[PDB]
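The file my_file.cif contains mmCIF, N, CA and C atoms:
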data_upload
loop_
_atom_site.label_atom_id
_atom_site.label_comp_id
_atom_site.auth_asym_id
_atom_site.auth_seq_id
_atom_site.Cartn_x
_atom_site.Cartn_y
_atom_site.Cartn_z
N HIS A 1285 138.62 127.93 115.39
CA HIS A 1285 138.16 126.73 116.09
C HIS A 1285 138.22 125.51 115.19
N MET A 1286 138.37 124.34 115.80
CA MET A 1286 138.37 123.10 115.04
C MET A 1286 137.03 122.96 114.29
N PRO A 1287 137.04 122.69 113.00
CA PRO A 1287 135.75 122.50 112.30
C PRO A 1287 135.01 121.26 112.76
N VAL A 1288 135.69 120.13 112.89
CA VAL A 1288 135.07 118.87 113.30
C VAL A 1288 135.76 118.36 114.57
N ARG A 1289 134.96 117.85 115.51
CA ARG A 1289 135.48 117.23 116.72
C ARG A 1289 134.81 115.87 116.93
N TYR A 1290 135.55 114.96 117.56
CA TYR A 1290 135.15 113.56 117.69
C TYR A 1290 135.24 113.14 119.15
N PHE A 1291 134.18 112.51 119.65
CA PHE A 1291 134.14 112.03 121.02
C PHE A 1291 133.64 110.60 121.09
N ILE A 1292 134.20 109.83 122.01
CA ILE A 1292 133.75 108.47 122.29
C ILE A 1292 132.67 108.52 123.36
N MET A 1293 131.51 107.93 123.07
CA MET A 1293 130.44 107.77 124.04
C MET A 1293 130.38 106.30 124.46
N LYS A 1294 130.44 106.06 125.77
CA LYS A 1294 130.46 104.71 126.32
C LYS A 1294 129.16 104.43 127.04
N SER A 1295 128.48 103.36 126.66
CA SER A 1295 127.23 102.95 127.27
C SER A 1295 127.41 101.64 128.03
N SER A 1296 126.64 101.49 129.11
CA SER A 1296 126.75 100.30 129.94
C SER A 1296 125.94 99.12 129.42
N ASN A 1297 124.93 99.36 128.59
CA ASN A 1297 124.09 98.27 128.10
C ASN A 1297 123.65 98.56 126.67
N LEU A 1298 123.29 97.49 125.96
CA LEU A 1298 122.84 97.60 124.58
C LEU A 1298 121.42 98.14 124.47
N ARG A 1299 120.58 97.89 125.49
CA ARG A 1299 119.19 98.31 125.43
C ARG A 1299 119.07 99.82 125.23
N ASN A 1300 119.77 100.60 126.05
CA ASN A 1300 119.66 102.06 125.95
C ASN A 1300 120.28 102.58 124.66
N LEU A 1301 121.35 101.94 124.17
CA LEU A 1301 121.93 102.32 122.89
C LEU A 1301 120.92 102.19 121.76
N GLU A 1302 120.19 101.07 121.72
CA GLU A 1302 119.23 100.85 120.64
C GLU A 1302 118.02 101.76 120.75
N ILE A 1303 117.67 102.18 121.97
CA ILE A 1303 116.62 103.18 122.13
C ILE A 1303 117.08 104.51 121.56
N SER A 1304 118.35 104.86 121.77
CA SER A 1304 118.91 106.07 121.18
C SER A 1304 118.83 106.03 119.66
N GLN A 1305 119.18 104.89 119.06
CA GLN A 1305 119.14 104.77 117.60
C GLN A 1305 117.72 104.93 117.06
N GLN A 1306 116.71 104.57 117.85
CA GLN A 1306 115.33 104.72 117.39
C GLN A 1306 114.81 106.13 117.62
N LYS A 1307 115.11 106.72 118.78
CA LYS A 1307 114.52 107.99 119.19
C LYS A 1307 115.37 109.21 118.83
N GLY A 1308 116.66 109.03 118.58
CA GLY A 1308 117.49 110.17 118.22
C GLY A 1308 117.85 111.07 119.38
N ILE A 1309 118.14 110.50 120.55
CA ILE A 1309 118.51 111.25 121.74
C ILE A 1309 119.59 110.48 122.49
N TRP A 1310 120.23 111.17 123.43
CA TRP A 1310 121.23 110.56 124.30
C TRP A 1310 121.36 111.43 125.55
N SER A 1311 122.18 110.96 126.49
CA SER A 1311 122.57 111.75 127.65
C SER A 1311 123.87 111.18 128.19
N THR A 1312 124.62 112.03 128.90
CA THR A 1312 125.93 111.65 129.40
C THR A 1312 126.09 112.15 130.83
N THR A 1313 127.24 111.84 131.42
CA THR A 1313 127.52 112.27 132.78
C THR A 1313 127.74 113.79 132.82
N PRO A 1314 127.41 114.43 133.94
CA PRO A 1314 127.65 115.88 134.04
C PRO A 1314 129.11 116.27 133.89
N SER A 1315 130.03 115.32 134.06
CA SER A 1315 131.44 115.60 133.79
C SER A 1315 131.65 116.02 132.34
N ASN A 1316 130.96 115.36 131.41
CA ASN A 1316 131.13 115.60 129.98
C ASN A 1316 130.24 116.70 129.43
N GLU A 1317 129.25 117.17 130.20
CA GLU A 1317 128.17 117.95 129.59
C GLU A 1317 128.65 119.33 129.14
N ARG A 1318 129.52 119.98 129.91
CA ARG A 1318 129.99 121.29 129.49
C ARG A 1318 131.07 121.20 128.41
N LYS A 1319 131.89 120.15 128.44
CA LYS A 1319 132.81 119.89 127.34
C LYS A 1319 132.07 119.73 126.02
N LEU A 1320 130.95 119.01 126.04
CA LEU A 1320 130.20 118.74 124.82
C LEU A 1320 129.41 119.96 124.36
N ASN A 1321 128.88 120.74 125.30
CA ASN A 1321 128.14 121.94 124.94
C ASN A 1321 129.02 122.96 124.22
N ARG A 1322 130.29 123.06 124.63
CA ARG A 1322 131.18 124.03 124.01
C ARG A 1322 131.68 123.55 122.66
N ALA A 1323 131.91 122.24 122.52
CA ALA A 1323 132.23 121.68 121.21
C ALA A 1323 131.06 121.86 120.24
N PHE A 1324 129.83 121.76 120.75
CA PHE A 1324 128.66 121.93 119.89
C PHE A 1324 128.57 123.36 119.37
N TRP A 1325 128.90 124.34 120.22
CA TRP A 1325 128.79 125.75 119.82
C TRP A 1325 129.98 126.21 119.00
N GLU A 1326 131.18 125.67 119.24
CA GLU A 1326 132.38 126.15 118.57
C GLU A 1326 132.64 125.46 117.23
N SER A 1327 132.28 124.19 117.09
CA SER A 1327 132.60 123.41 115.91
C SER A 1327 131.41 123.31 114.97
N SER A 1328 131.70 123.12 113.68
CA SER A 1328 130.65 122.90 112.70
C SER A 1328 129.96 121.55 112.92
N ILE A 1329 130.74 120.50 113.13
CA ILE A 1329 130.22 119.15 113.33
C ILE A 1329 130.86 118.55 114.57
N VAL A 1330 130.04 117.95 115.43
CA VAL A 1330 130.51 117.14 116.55
C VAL A 1330 130.05 115.71 116.30
N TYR A 1331 131.00 114.81 116.10
CA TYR A 1331 130.71 113.40 115.89
C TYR A 1331 130.85 112.63 117.20
N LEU A 1332 129.92 111.71 117.43
CA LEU A 1332 129.91 110.87 118.62
C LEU A 1332 129.92 109.41 118.19
N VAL A 1333 130.97 108.69 118.58
CA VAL A 1333 131.11 107.27 118.27
C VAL A 1333 130.74 106.48 119.51
N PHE A 1334 129.81 105.54 119.36
CA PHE A 1334 129.22 104.84 120.50
C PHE A 1334 129.78 103.43 120.62
N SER A 1335 130.01 103.00 121.87
CA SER A 1335 130.44 101.64 122.13
C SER A 1335 129.88 101.18 123.47
N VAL A 1336 129.22 100.03 123.47
CA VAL A 1336 128.75 99.42 124.71
C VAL A 1336 129.93 98.72 125.37
N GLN A 1337 130.02 98.82 126.69
CA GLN A 1337 131.18 98.28 127.38
C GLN A 1337 131.10 96.76 127.44
N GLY A 1338 132.22 96.10 127.16
CA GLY A 1338 132.28 94.65 127.07
C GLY A 1338 131.61 94.04 125.86
N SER A 1339 131.31 94.82 124.82
CA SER A 1339 130.64 94.31 123.64
C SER A 1339 131.60 94.00 122.49
N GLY A 1340 132.84 94.47 122.56
CA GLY A 1340 133.78 94.26 121.48
C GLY A 1340 133.43 94.94 120.17
N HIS A 1341 132.52 95.92 120.20
CA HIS A 1341 132.10 96.59 118.98
C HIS A 1341 131.90 98.08 119.23
N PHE A 1342 131.97 98.84 118.15
CA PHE A 1342 131.39 100.18 118.07
C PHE A 1342 130.01 100.03 117.44
N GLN A 1343 128.98 100.51 118.12
CA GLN A 1343 127.61 100.35 117.65
C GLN A 1343 127.13 101.50 116.78
N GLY A 1344 128.04 102.17 116.08
CA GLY A 1344 127.68 103.24 115.17
C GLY A 1344 128.26 104.57 115.61
N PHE A 1345 127.89 105.60 114.85
CA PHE A 1345 128.27 106.96 115.20
C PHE A 1345 127.18 107.92 114.76
N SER A 1346 127.14 109.08 115.42
CA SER A 1346 126.08 110.06 115.22
C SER A 1346 126.69 111.45 115.17
N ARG A 1347 125.84 112.43 114.92
CA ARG A 1347 126.18 113.84 115.06
C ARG A 1347 125.43 114.42 116.25
N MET A 1348 126.12 115.24 117.04
CA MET A 1348 125.46 115.98 118.10
C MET A 1348 124.62 117.09 117.48
N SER A 1349 123.31 117.07 117.75
CA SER A 1349 122.40 117.97 117.06
C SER A 1349 121.61 118.89 117.99
N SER A 1350 121.95 118.93 119.28
CA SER A 1350 121.39 119.93 120.18
C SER A 1350 122.29 120.06 121.40
N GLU A 1351 122.08 121.13 122.15
CA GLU A 1351 122.79 121.29 123.41
C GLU A 1351 122.25 120.31 124.44
N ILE A 1352 123.02 120.14 125.51
CA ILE A 1352 122.59 119.33 126.65
C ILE A 1352 121.80 120.22 127.59
N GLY A 1353 120.59 119.78 127.94
CA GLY A 1353 119.74 120.52 128.85
C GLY A 1353 119.93 120.14 130.31
N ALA A 1363 117.22 112.08 136.53
CA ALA A 1363 115.77 111.92 136.60
C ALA A 1363 115.07 112.84 135.61
N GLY A 1364 113.90 112.41 135.13
CA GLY A 1364 113.13 113.20 134.18
C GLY A 1364 113.86 113.49 132.89
N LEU A 1365 114.54 112.48 132.33
CA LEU A 1365 115.32 112.63 131.10
C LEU A 1365 116.40 113.69 131.26
N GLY A 1366 117.00 113.76 132.45
CA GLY A 1366 118.02 114.74 132.75
C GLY A 1366 119.22 114.68 131.83
N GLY A 1367 119.60 115.82 131.25
CA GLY A 1367 120.75 115.91 130.38
C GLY A 1367 120.54 115.41 128.97
N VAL A 1368 119.29 115.22 128.55
CA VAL A 1368 119.01 114.68 127.22
C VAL A 1368 119.37 115.71 126.15
N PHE A 1369 119.88 115.22 125.02
CA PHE A 1369 120.19 116.07 123.89
C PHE A 1369 119.94 115.30 122.60
N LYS A 1370 119.69 116.05 121.53
CA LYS A 1370 119.38 115.46 120.23
C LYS A 1370 120.63 114.92 119.56
N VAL A 1371 120.51 113.73 118.97
CA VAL A 1371 121.57 113.16 118.14
C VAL A 1371 120.97 112.73 116.81
N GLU A 1372 121.78 112.80 115.76
CA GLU A 1372 121.39 112.37 114.42
C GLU A 1372 122.27 111.18 114.04
N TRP A 1373 121.69 109.99 114.04
CA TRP A 1373 122.46 108.79 113.77
C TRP A 1373 122.82 108.71 112.29
N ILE A 1374 124.10 108.51 112.01
CA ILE A 1374 124.60 108.43 110.64
C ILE A 1374 124.76 106.99 110.19
N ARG A 1375 125.41 106.17 111.01
CA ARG A 1375 125.54 104.73 110.78
C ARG A 1375 125.18 104.02 112.07
N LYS A 1376 124.35 102.99 111.97
CA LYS A 1376 123.91 102.22 113.13
C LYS A 1376 124.51 100.82 113.18
N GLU A 1377 125.27 100.42 112.17
CA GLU A 1377 125.83 99.08 112.13
C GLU A 1377 126.99 98.93 113.11
N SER A 1378 127.14 97.71 113.64
CA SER A 1378 128.20 97.41 114.59
C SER A 1378 129.53 97.17 113.88
N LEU A 1379 130.59 97.80 114.39
CA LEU A 1379 131.94 97.66 113.84
C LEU A 1379 132.82 96.91 114.82
N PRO A 1380 133.31 95.71 114.48
CA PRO A 1380 134.12 94.95 115.43
C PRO A 1380 135.42 95.66 115.75
N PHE A 1381 135.88 95.47 116.99
CA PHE A 1381 137.08 96.16 117.46
C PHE A 1381 138.31 95.80 116.63
N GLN A 1382 138.37 94.58 116.09
CA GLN A 1382 139.53 94.17 115.31
C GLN A 1382 139.75 95.06 114.10
N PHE A 1383 138.68 95.62 113.54
CA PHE A 1383 138.80 96.48 112.37
C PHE A 1383 139.45 97.81 112.70
N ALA A 1384 139.53 98.16 113.98
CA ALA A 1384 140.10 99.43 114.42
C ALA A 1384 141.30 99.24 115.34
N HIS A 1385 141.82 98.01 115.45
CA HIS A 1385 142.99 97.75 116.29
C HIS A 1385 144.15 98.69 115.97
N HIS A 1386 144.27 99.13 114.72
CA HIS A 1386 145.43 99.88 114.27
C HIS A 1386 145.34 101.37 114.58
N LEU A 1387 144.22 101.85 115.11
CA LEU A 1387 144.02 103.27 115.36
C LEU A 1387 144.31 103.57 116.83
N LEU A 1388 145.37 104.33 117.07
CA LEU A 1388 145.72 104.79 118.41
C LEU A 1388 145.38 106.26 118.54
N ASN A 1389 145.02 106.67 119.75
CA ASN A 1389 144.61 108.05 120.01
C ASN A 1389 145.73 108.79 120.72
N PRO A 1390 146.46 109.67 120.03
CA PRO A 1390 147.53 110.42 120.70
C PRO A 1390 147.04 111.30 121.84
N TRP A 1391 145.76 111.65 121.86
CA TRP A 1391 145.21 112.43 122.96
C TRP A 1391 144.83 111.56 124.15
N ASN A 1392 145.11 110.26 124.10
CA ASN A 1392 144.88 109.35 125.21
C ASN A 1392 146.06 108.39 125.34
N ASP A 1393 147.27 108.95 125.41
CA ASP A 1393 148.50 108.19 125.65
C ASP A 1393 148.76 107.16 124.55
N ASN A 1394 148.23 107.42 123.35
CA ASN A 1394 148.36 106.52 122.20
C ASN A 1394 147.85 105.11 122.52
N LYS A 1395 146.76 105.03 123.28
CA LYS A 1395 146.06 103.77 123.45
C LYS A 1395 145.07 103.57 122.31
N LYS A 1396 144.62 102.33 122.15
CA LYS A 1396 143.66 102.02 121.11
C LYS A 1396 142.36 102.78 121.35
N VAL A 1397 141.71 103.20 120.26
CA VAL A 1397 140.49 103.99 120.38
C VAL A 1397 139.41 103.22 121.13
N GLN A 1398 139.42 101.89 121.03
CA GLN A 1398 138.46 101.08 121.77
C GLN A 1398 138.65 101.20 123.28
N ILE A 1399 139.86 101.52 123.73
CA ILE A 1399 140.14 101.72 125.14
C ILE A 1399 139.94 103.20 125.44
N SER A 1400 138.87 103.52 126.16
CA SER A 1400 138.38 104.89 126.22
C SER A 1400 137.35 105.03 127.33
N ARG A 1401 137.50 106.03 128.18
CA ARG A 1401 136.43 106.36 129.10
C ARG A 1401 135.38 107.19 128.38
N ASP A 1402 134.21 107.30 129.00
CA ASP A 1402 133.10 108.00 128.38
C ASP A 1402 133.44 109.48 128.18
N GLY A 1403 133.31 109.95 126.94
CA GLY A 1403 133.56 111.34 126.62
C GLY A 1403 134.96 111.67 126.17
N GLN A 1404 135.83 110.67 126.01
CA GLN A 1404 137.18 110.92 125.53
C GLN A 1404 137.16 111.51 124.13
N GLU A 1405 137.90 112.59 123.93
CA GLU A 1405 137.98 113.21 122.61
C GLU A 1405 139.05 112.53 121.77
N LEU A 1406 138.73 112.30 120.51
CA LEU A 1406 139.66 111.71 119.55
C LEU A 1406 140.36 112.82 118.78
N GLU A 1407 141.67 112.68 118.61
CA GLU A 1407 142.39 113.56 117.70
C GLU A 1407 141.70 113.54 116.34
N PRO A 1408 141.51 114.72 115.71
CA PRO A 1408 140.61 114.77 114.53
C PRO A 1408 141.04 113.90 113.37
N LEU A 1409 142.34 113.74 113.13
CA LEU A 1409 142.75 112.92 111.99
C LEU A 1409 142.51 111.44 112.27
N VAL A 1410 142.66 111.01 113.53
CA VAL A 1410 142.34 109.64 113.90
C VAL A 1410 140.83 109.39 113.86
N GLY A 1411 140.05 110.42 114.24
CA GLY A 1411 138.60 110.25 114.25
C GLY A 1411 138.05 109.91 112.87
N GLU A 1412 138.51 110.67 111.87
CA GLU A 1412 138.07 110.50 110.48
C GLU A 1412 138.45 109.11 109.94
N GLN A 1413 139.64 108.59 110.27
CA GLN A 1413 139.97 107.22 109.89
C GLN A 1413 138.98 106.22 110.52
N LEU A 1414 138.53 106.51 111.74
CA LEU A 1414 137.58 105.63 112.42
C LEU A 1414 136.23 105.64 111.73
N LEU A 1415 135.72 106.83 111.38
CA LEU A 1415 134.42 106.90 110.72
C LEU A 1415 134.45 106.27 109.33
N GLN A 1416 135.58 106.34 108.64
CA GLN A 1416 135.68 105.75 107.31
C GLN A 1416 135.62 104.23 107.36
N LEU A 1417 135.95 103.62 108.50
CA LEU A 1417 135.87 102.17 108.63
C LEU A 1417 134.47 101.65 108.34
N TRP A 1418 133.43 102.45 108.59
CA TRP A 1418 132.07 101.99 108.35
C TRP A 1418 131.77 101.82 106.86
N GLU A 1419 132.53 102.46 105.98
CA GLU A 1419 132.39 102.19 104.55
C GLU A 1419 132.87 100.80 104.15
N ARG A 1420 133.63 100.13 105.02
CA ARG A 1420 134.13 98.79 104.76
C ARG A 1420 133.14 97.69 105.15
N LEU A 1421 131.92 98.04 105.58
CA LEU A 1421 130.92 97.09 106.03
C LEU A 1421 129.91 96.74 104.94
N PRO A 1422 129.45 95.49 104.89
CA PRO A 1422 128.25 95.22 104.09
C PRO A 1422 127.01 95.79 104.80
#

Taking this structure as input, can you express it in the form of structure tokens?
Amino acid sequence: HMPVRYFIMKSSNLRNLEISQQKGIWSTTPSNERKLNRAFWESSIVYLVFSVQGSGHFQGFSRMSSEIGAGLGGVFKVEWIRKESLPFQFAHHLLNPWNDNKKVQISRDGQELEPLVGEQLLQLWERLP
């Protein structure tokens, strides 16, 4: 099995993203829930890169740290690694071959990143003050 897997998480608003960064939880659509549960069980690390739609930024990335279970439906534990915002221009050069070689910023919720492209994306956060 792949040791590390990378997924794009897309949020509709900044408010819920910042609550996630404080509380260490998230939830996604039921379309993604079984894909993510199996990546959690099969891989050593599941990385989740977050972006609010229409924000022009990635608002950080986390590790998936529990399975997915109204009433906080589908909530699961996340461990935030970097919370700083990364502008899209810094990642313009990264295309995802698993999504027709479109830019990683162009992504529906739950899109998986090819692992070598994912790691280049996470390393971009070392370029931030």

d(CA of residue 1301 in chain A, atom N of residue 1323 in chain A) in Å: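 According to the coordinates, CA of residue 1301 in chain A and atom N of residue 1323 in chain A are separated by 22.3 Å.
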
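Here CA of residue 1372 in chain A and CA of residue 1307 in chain A stand 9.4 Å from one another.
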
Check the smallest atom-to-atom distance from each of A:1350, A:1306, A:1300, A:1343 to residue 1415 in chain A using only C-alpha atoms, then report the winner. A:1343

Convert the output of the PyMOL selection byres ((chain A and resi 1327) around 8) on the shown file into explicit residues, formatted as a list in words. residues 1285, 1286, 1287, 1288, 1289, 1321, 1322, 1323, 1324, 1325, 1326, 1328, 1329 and 1330 of chain A

Can you give me, as a VMD selection string, the residues this file yields under the PyMOL selection byres (((chain A and resi 1413 and name CA) around 12) and name CA)? chain A and resid 1290 1383 to 1389 1397 1406 to 1412 1414 to 1420

Selected residue of minimal separation from residue 1341 in chain A among A:1320, A:1363, A:1368, A:1379, counting all atoms listed in the file: A:1379

Quick one: pull the distance between atom N of residue 1310 in chain A and atom C of residue 1337 in chain A, Å, one decimal.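 Spanning atom N of residue 1310 in chain A to atom C of residue 1337 in chain A is a straight-line distance of 18.5 Å.
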
In terms of the shortest atom-to-atom distance over all atoms listed in the file, which of A:1335, A:1353, A:1346, A:1371 is closest to residue 1309 in chain A?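 Under the stated criterion, the closest residue is A:1371.
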
For residue 1315 in chain A, work out the shell of residues within 8 Å, counting all atoms listed in the file and skipping chain neighbours fewer than 3 positions away, then give it as a PyMOL selection string. chain A and resi 1312+1318-1320+1402-1403

Could you tell me, as a VMD selection string, which residues of chain A DSSP assigns to helix (DSSP H, G or I) when given the backbone? chain A and resid 1298 to 1307 1314 to 1326 1381 to 1384 1390 to 1392 1408 to 1420

Using only C-alpha atoms, pick whichever of A:1305, A:1351, A:1339, A:1317 has the shortest atom-to-atom distance to residue 1374 in chain A.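 Among the listed residues, the smallest separation from residue 1374 in chain A belongs to A:1305.
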
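Distance annotation: of A:1352, A:1344, A:1313, A:1291, the residue with the minimal separation from residue 1331 in chain A is A:1291; atom set is all atoms listed in the file.
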
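In this comparison, which uses only N, CA and C atoms, the residue of A:1295, A:1304, A:1378, A:1392 approaching residue 1421 in chain A most closely is A:1378.
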
Could you find all residues in range 1367-1420 of chain A that DSSP calls strand (DSSP E) from the backbone, and write them as a PDB file with N, CA and C atoms, in the frame of the given file?
ATOM      1  N   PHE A1369     119.880 115.220 125.020  1.00  0.00           N
ATOM      2  CA  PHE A1369     120.190 116.070 123.890  1.00  0.00           C
ATOM      3  C   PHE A1369     119.940 115.300 122.600  1.00  0.00           C
ATOM      4  N   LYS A1370     119.690 116.050 121.530  1.00  0.00           N
ATOM      5  CA  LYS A1370     119.380 115.460 120.230  1.00  0.00           C
ATOM      6  C   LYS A1370     120.630 114.920 119.560  1.00  0.00           C
ATOM      7  N   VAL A1371     120.510 113.730 118.970  1.00  0.00           N
ATOM      8  CA  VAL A1371     121.570 113.160 118.140  1.00  0.00           C
ATOM      9  C   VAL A1371     120.970 112.730 116.810  1.00  0.00           C
ATOM     10  N   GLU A1372     121.780 112.800 115.760  1.00  0.00           N
ATOM     11  CA  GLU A1372     121.390 112.370 114.420  1.00  0.00           C
ATOM     12  C   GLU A1372     122.270 111.180 114.040  1.00  0.00           C
ATOM     13  N   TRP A1373     121.690 109.990 114.040  1.00  0.00           N
ATOM     14  CA  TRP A1373     122.460 108.790 113.770  1.00  0.00           C
ATOM     15  C   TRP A1373     122.820 108.710 112.290  1.00  0.00           C
ATOM     16  N   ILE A1374     124.100 108.510 112.010  1.00  0.00           N
ATOM     17  CA  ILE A1374     124.600 108.430 110.640  1.00  0.00           C
ATOM     18  C   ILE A1374     124.760 106.990 110.190  1.00  0.00           C
ATOM     19  N   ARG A1375     125.410 106.170 111.010  1.00  0.00           N
ATOM     20  CA  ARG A1375     125.540 104.730 110.780  1.00  0.00           C
ATOM     21  C   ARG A1375     125.180 104.020 112.070  1.00  0.00           C
ATOM     22  N   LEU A1379     130.590  97.800 114.390  1.00  0.00           N
ATOM     23  CA  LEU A1379     131.940  97.660 113.840  1.00  0.00           C
ATOM     24  C   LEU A1379     132.820  96.910 114.820  1.00  0.00           C
ATOM     25  N   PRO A1380     133.310  95.710 114.480  1.00  0.00           N
ATOM     26  CA  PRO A1380     134.120  94.950 115.430  1.00  0.00           C
ATOM     27  C   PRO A1380     135.420  95.660 115.750  1.00  0.00           C
ATOM     28  N   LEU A1388     145.370 104.330 117.070  1.00  0.00           N
ATOM     29  CA  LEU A1388     145.720 104.790 118.410  1.00  0.00           C
ATOM     30  C   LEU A1388     145.380 106.260 118.540  1.00  0.00           C
ATOM     31  N   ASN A1389     145.020 106.670 119.750  1.00  0.00           N
ATOM     32  CA  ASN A1389     144.610 108.050 120.010  1.00  0.00           C
ATOM     33  C   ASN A1389     145.730 108.790 120.720  1.00  0.00           C
ATOM     34  N   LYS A1395     146.760 105.030 123.280  1.00  0.00           N
ATOM     35  CA  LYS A1395     146.060 103.770 123.450  1.00  0.00           C
ATOM     36  C   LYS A1395     145.070 103.570 122.310  1.00  0.00           C
ATOM     37  N   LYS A1396     144.620 102.330 122.150  1.00  0.00           N
ATOM     38  CA  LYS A1396     143.660 102.020 121.110  1.00  0.00           C
ATOM     39  C   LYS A1396     142.360 102.780 121.350  1.00  0.00           C
ATOM     40  N   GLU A1405     137.900 112.590 123.930  1.00  0.00           N
ATOM     41  CA  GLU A1405     137.980 113.210 122.610  1.00  0.00           C
ATOM     42  C   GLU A1405     139.050 112.530 121.770  1.00  0.00           C
ATOM     43  N   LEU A1406     138.730 112.300 120.510  1.00  0.00           N
ATOM     44  CA  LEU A1406     139.660 111.710 119.550  1.00  0.00           C
ATOM     45  C   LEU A1406     140.360 112.820 118.780  1.00  0.00           C
TER      46      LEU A1406
END

N, CA, C and O atoms modelled onto range 1392-1404 of chain A, as a PDB file, in the frame of the given file:
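Result written to out34.pdb:
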ATOM      1  N   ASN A1392     145.110 110.260 124.100  1.00  0.00           N
ATOM      2  CA  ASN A1392     144.880 109.350 125.210  1.00  0.00           C
ATOM      3  C   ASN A1392     146.060 108.390 125.340  1.00  0.00           C
ATOM      4  O   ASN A1392     145.905 107.166 125.353  1.00  0.00           O
ATOM      5  N   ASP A1393     147.270 108.950 125.410  1.00  0.00           N
ATOM      6  CA  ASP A1393     148.500 108.190 125.650  1.00  0.00           C
ATOM      7  C   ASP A1393     148.760 107.160 124.550  1.00  0.00           C
ATOM      8  O   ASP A1393     149.431 106.149 124.776  1.00  0.00           O
ATOM      9  N   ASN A1394     148.230 107.420 123.350  1.00  0.00           N
ATOM     10  CA  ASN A1394     148.360 106.520 122.200  1.00  0.00           C
ATOM     11  C   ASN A1394     147.850 105.110 122.520  1.00  0.00           C
ATOM     12  O   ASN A1394     148.419 104.119 122.072  1.00  0.00           O
ATOM     13  N   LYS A1395     146.760 105.030 123.280  1.00  0.00           N
ATOM     14  CA  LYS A1395     146.060 103.770 123.450  1.00  0.00           C
ATOM     15  C   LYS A1395     145.070 103.570 122.310  1.00  0.00           C
ATOM     16  O   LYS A1395     144.722 104.506 121.576  1.00  0.00           O
ATOM     17  N   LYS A1396     144.620 102.330 122.150  1.00  0.00           N
ATOM     18  CA  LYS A1396     143.660 102.020 121.110  1.00  0.00           C
ATOM     19  C   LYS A1396     142.360 102.780 121.350  1.00  0.00           C
ATOM     20  O   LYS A1396     141.953 102.991 122.500  1.00  0.00           O
ATOM     21  N   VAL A1397     141.710 103.200 120.260  1.00  0.00           N
ATOM     22  CA  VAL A1397     140.490 103.990 120.380  1.00  0.00           C
ATOM     23  C   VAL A1397     139.410 103.220 121.130  1.00  0.00           C
ATOM     24  O   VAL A1397     138.559 103.820 121.796  1.00  0.00           O
ATOM     25  N   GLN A1398     139.420 101.890 121.030  1.00  0.00           N
ATOM     26  CA  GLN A1398     138.460 101.080 121.770  1.00  0.00           C
ATOM     27  C   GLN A1398     138.650 101.200 123.280  1.00  0.00           C
ATOM     28  O   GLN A1398     137.693 101.016 124.039  1.00  0.00           O
ATOM     29  N   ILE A1399     139.860 101.520 123.730  1.00  0.00           N
ATOM     30  CA  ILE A1399     140.140 101.720 125.140  1.00  0.00           C
ATOM     31  C   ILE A1399     139.940 103.200 125.440  1.00  0.00           C
ATOM     32  O   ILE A1399     140.754 104.040 125.037  1.00  0.00           O
ATOM     33  N   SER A1400     138.870 103.520 126.160  1.00  0.00           N
ATOM     34  CA  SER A1400     138.380 104.890 126.220  1.00  0.00           C
ATOM     35  C   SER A1400     137.350 105.030 127.330  1.00  0.00           C
ATOM     36  O   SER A1400     136.414 104.223 127.423  1.00  0.00           O
ATOM     37  N   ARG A1401     137.500 106.030 128.180  1.00  0.00           N
ATOM     38  CA  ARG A1401     136.430 106.360 129.100  1.00  0.00           C
ATOM     39  C   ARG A1401     135.380 107.190 128.380  1.00  0.00           C
ATOM     40  O   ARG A1401     135.601 107.710 127.279  1.00  0.00           O
ATOM     41  N   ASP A1402     134.210 107.300 129.000  1.00  0.00           N
ATOM     42  CA  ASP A1402     133.100 108.000 128.380  1.00  0.00           C
ATOM     43  C   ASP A1402     133.440 109.480 128.180  1.00  0.00           C
ATOM     44  O   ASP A1402     133.816 110.171 129.131  1.00  0.00           O
ATOM     45  N   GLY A1403     133.310 109.950 126.940  1.00  0.00           N
ATOM     46  CA  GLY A1403     133.560 111.340 126.620  1.00  0.00           C
ATOM     47  C   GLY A1403     134.960 111.670 126.170  1.00  0.00           C
ATOM     48  O   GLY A1403     135.271 112.853 125.979  1.00  0.00           O
ATOM     49  N   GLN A1404     135.830 110.670 126.010  1.00  0.00           N
ATOM     50  CA  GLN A1404     137.180 110.920 125.530  1.00  0.00           C
ATOM     51  C   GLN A1404     137.160 111.510 124.130  1.00  0.00           C
ATOM     52  O   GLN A1404     136.463 110.998 123.240  1.00  0.00           O
TER      53      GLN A1404
END
